[PDB]
């Protein structure tokens, strides 16, 4: 009556439900009114999830981008790998799936399988033409992310089997940035193709990755040290966040507005969420005794 309450009331409740419309035919009874529909992407990206290989076919047959991906950039394949859903991975590839499609972090389905240890999949992908030399945001290739012996082996003997130049790949990005930085500084015309997604700039890539040389060379082209990306970040917000110490020093030596604010309201010190935090304050104490 104080506890029987919750328990018995609910019981002497389920009871009434018995004779109630628990009998109302429990299927779909597809009325002539399925007026509500969901976006193709939402419906496709999910049909694969559960595993209704069957419906995906019709969805594709009707016209749905197989390489559709959620907010994080994960394709119907990325997820498939992450779920050791072998059958689907193949279904996807055999139906047109882009086997090398990167996620919003430079992770291709091979990275996924690698990082997760789903070797049988890593084997399938690698055989179906997966790119073992693909590098992501942190400069890692599936091999770097393989933290299981069996996996590392397969990838190791795969990079060496194909003669893939690993460092070549990690350096590729920075490398290019240098060329471009030189061309802009030299000629005197900046031709920076702001990146379609993040709205960030080369100044930001330099800072986040800690590419000291490209940065110094970039500032010398007189590129606004205080440019903000669509999220409202400063080339300092990055160098600090990902903790690229020397990247920050450079940014400061050029009077970077340290008081910059995030579109959500954060300082370079604020979202500098990672370790170093105190060091900046030191450089800050210097961005005054000399100005």
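Residue numbers count along the first chain shown, from 1.
Of the two stretches examined, 186-194 and 211-219, the record assigns the greater average C-alpha temperature factor to 186-194. Look at the C-alpha B-factors of 44-52 and of 25-33. On average they run higher in 25-33. Among all modelled residues in this chain, the alpha-carbon of residue 227 has a temperature factor (C-alpha) in the lowest third. Placement of the Cα temperature factor of residue 148 within the chain: highest third of the modelled residues, per the deposited record.
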